[PDB]
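Here is the structure we will look at.
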Amino acid sequence: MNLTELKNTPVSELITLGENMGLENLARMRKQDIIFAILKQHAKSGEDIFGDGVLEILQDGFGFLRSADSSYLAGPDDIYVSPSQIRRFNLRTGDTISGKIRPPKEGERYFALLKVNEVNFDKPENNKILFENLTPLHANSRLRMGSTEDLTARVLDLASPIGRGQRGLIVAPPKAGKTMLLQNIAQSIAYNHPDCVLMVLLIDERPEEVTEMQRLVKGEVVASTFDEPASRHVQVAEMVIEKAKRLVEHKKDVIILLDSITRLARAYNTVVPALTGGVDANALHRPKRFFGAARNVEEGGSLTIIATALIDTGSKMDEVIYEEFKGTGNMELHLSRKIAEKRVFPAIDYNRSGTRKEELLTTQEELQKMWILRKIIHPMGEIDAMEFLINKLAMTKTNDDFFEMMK
Amino acid sequence: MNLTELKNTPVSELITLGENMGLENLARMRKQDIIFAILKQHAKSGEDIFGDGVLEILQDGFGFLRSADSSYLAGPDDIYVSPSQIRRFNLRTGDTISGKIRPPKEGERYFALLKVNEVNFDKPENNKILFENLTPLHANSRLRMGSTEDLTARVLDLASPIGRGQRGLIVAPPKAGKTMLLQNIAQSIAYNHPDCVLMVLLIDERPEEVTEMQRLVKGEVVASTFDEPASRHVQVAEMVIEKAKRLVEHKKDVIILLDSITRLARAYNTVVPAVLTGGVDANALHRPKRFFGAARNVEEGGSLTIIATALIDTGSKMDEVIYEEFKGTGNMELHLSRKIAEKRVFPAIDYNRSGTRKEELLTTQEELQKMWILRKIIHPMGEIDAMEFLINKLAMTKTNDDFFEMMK
Ligand SMILES: Nc1ncnc2c1ncn2[C@@H]1O[C@H](COP(=O)(O)OP(=O)(O)NP(=O)(O)O)[C@@H](O)[C@H]1O
Ligand SMILES: Nc1ncnc2c1ncn2[C@@H]1O[C@H](COP(=O)(O)OP(=O)(O)NP(=O)(O)O)[C@@H](O)[C@H]1O
């Protein structure tokens, strides 16, 4: 019917969709092959088979539309895109392309994009590239964050506010609520800021972890799992960032939530041609390139990346990578095992967190309100400081917390 | 008679049987060669011979029913399955195929599957692939575990709750009691969860070590010894995992106790072609990470739970790297300590490094609280001190008696 609608129906539903057409051996095939079979045996209409995907142009000059639902995993139901199709519309990889597709002529392997209907949600005939847009401190225009889930989001707003175009590092040791934090920021971005494109990127992950996120986030959730190779981790990431750049080129605000930059860096280290502690010096280039991408764009739009830096893992290499990303970001949230050990579960190291150019993300009144909060929480130890914030915040909502705790 | 019955009888019995069918010199034959003789010679009463095993589809398109009791080692007495029989039934490598079998005609080499009776213990024409079932966090159902054997099983239930579909990692140094721990979970699972399919998979093992395990475990014990090739270590593990996946596609709970994923990993590393990192091909850790990756709790029912040892402290650079690359992959981990072992305290569990993710899903709020209180009182305690204090406090009664008889 409609490829993406196909790619988004449950496997059983797809199976009984196939059998209703007369397709026999479907149950023992990969979801993609089932989709192919259904798409192929629906070759009975005239102008009625629609496709879409993010474009990936391989070195040999031809391209492939790949699907977000598959986290851009090369598959049988990839819509092929011709060199002469990329060239007629100045298409570059990352381009989200929509339109009519068609079965393979015999000798052909893949379904083919027949006519280009839409590029990047715009007329195919229509943009200055990301790399020559201007980079402001993306501190103007704040991304703000009843219930107790909103307690995390309220400490953040005081500890380390986020703007459109931030390059944030979530510095997280094991079991400190790194994931719940991300789920929270996601949920908060969805309710509060539905105007942004939300991309959650999961790199070296556990399969079950993946589907947990896929079921919470209102946005694009893309993932490779630890049982795919470094090549794939790299691929998935590089596919995401480009998609993000094309969308900024259209003056959108795009927000990537990255689970481990550090795992991503692992991948590049194994994938790149031939050290400081396991990790090649040349390797970190593309990771940094990726993080470096974040920016508020003067010409309009922004790309914001919040990435977790996994810390305290007993890996020399994880450590080296973190060292190597100090100073790159312009926000940090620090998570602490001590605060986690005790079950006090916002779990932020207040005195170690904070974003740069706070003043641009904030009304003058607020900033001064924040400075006294900081003045008072400063000498408190990690654990105290959180316990003190939760008891005082839970009484109210963010704003009235200061009025109330003045006199 | 029936192929499985024939190959589950002692060799002397088989020679006796065989001699008394007119079959000369075979006392010095390999058992399987003997089995082959007894079949080929029992080809008198036609339509009696039944056969079975796990299917491995080879590159050319035909397959072989291979048998768990030789740890899926290719043999004269493997049942040839035709390309057409695979196509007729949607058959897949890992399938458990029963039926009737027929002797080789002039110019073949194998008994052949002539009639298919059961496939995966269901009707031969009756299931969606592991790879597209959904993967909940493996905590919507628990697998719990007054003797001193049960000491281990209890200590385990407070440190590292296993649930249907866990990817557990047993990190162990040498002589730290990992084999006996393995044996203890095995016994705790059979006795306690007979509904779960238990497969114990041993890689690169000493021969007598195999036999010992083969005789304690109520369930499938497949192994490959250090005398067999890396290829063979790879073969056995791949056959076991595939069978596992196949049973989950039938809504069953399979459990794989895997001994030395690092060994499994060493095997792939020698078998996998060409970028080195401490001895080990980066490329190489893919297939083991895959083996482990498969552990999941399936949404549409059934589960694949996997518990694997990672060897550590062997003074092999390679073993260390393997362990690192698995750091993070699991959702339970039980650490063993040489420390606690040297001092002969046997349920030698580093309780403070052990634990599983999403505990809350494997326990009742009452249980979790009790457990969280236990963790508060153990945290500042050293490695050796902590088990002595846990054993001498469990050496009173059973599990709930622990807390109802500690809350003084
Ligand atoms: N905001 C919260 N409120 C209550 N409990 C929480 C909160 N955040 C995390 N936890 C819990 O602490 C646990 C461990 O969290 P988890 O999501 O595993 O952290 P993590 O940093 O993702 N772990 P890791 O996989 O090592 O990175 C949980 O099981 C939680 O329930
Ligand atoms: N629960 C227990 N009760 C009594 N003895 C135990 C127990 N667990 C381990 N041991 C003993 O510790 C010994 C060696 O244990 P074993 O299970 O062989 O270690 P291992 O982990 O298999 N070593 P290796 O295979 O070289 O890594 C014994 O000989 C034991 O008796």
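Quick notes
- Dipole in debye (nearest 20) - the protein assembly as shown, about Cα centre, beta carbon charges: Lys, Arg +1; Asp, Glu -1: 960
- Take the Cα radius of gyration of segment A:1-126 and divide it by 2.2 N^0.38 Å, N being the number of residues; the result is 1.04.
- Taking other residues whose beta carbon is less than 12 angstrom from the beta carbon of residue B:35, and scoring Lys, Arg as +1 and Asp, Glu as -1, yields -2.
- As a proxy for reagent exposure, ranking B:95, B:33, A:204, B:60 by other Cβ atoms within 10 Å from fewest up yields B:60, B:33, A:204, B:95.
- Neighbour-count ranking [beta-carbon atoms within 10 angstrom, fewest first] of A:93, B:9, B:309: B:9, A:93, B:309
- Centre separation in Å (Cα based) which lies between segment A:18-76 and segment A:324-375: 46
- For the listed residue pairs A:218/A:243; B:40/B:100; A:326/A:357; A:175/B:317, the alpha carbons are over 24 angstrom apart in A:175/B:317.
- Of all DSSP beta bridges in the protein assembly as shown, antiparallel share, percent nearest 5: 45
- Segment A:1-126, relative contact order [Cα under 8 Å, separation at least 6], %: 21
- When shorter helices are ignored and each DSSP H run of at least 4 residues is given -39500 (n - 2.57), the per-residue value for chain A at 222 nm works out to -10000 deg cm²/dmol.
- The distance linking segment A:100-151 with segment B:150-217 is 50 Å (Cα centroid to Cα centroid, whole angstrom).
- Relative compactness, segment A:65-107, computed as alpha-carbon Rg over 2.2 N^0.38 Å: 1.23
- Peptide A:200-212 has a mean shielding of 4, counted as Cβ atoms of other protein chains within 10 Å of each residue's Cβ.
- With an a/c value of 1.5 or above and a/b not larger than b/c for the gyration tensor axes a ≥ b ≥ c computed over the alpha-carbon atoms, the protein assembly as shown is described as oblate.
- Debye-sum result for segment B:127-408 in log10 I(q)/I(0), which assumes one identical scatterer on each alpha carbon, at q = 0.07, 0.10 Å⁻¹: -0.25, -0.51
- Mean projection area, nm², convex hull over Cα of segment B:269-315: 4.8
Heads up, the Cβs are rebuilt from the backbone with ideal geometry, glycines too, and the neighbour counts pull from every protein chain shown. Laboratory data are not the source of any read-out in this text; all were calculated from the coordinates shown.
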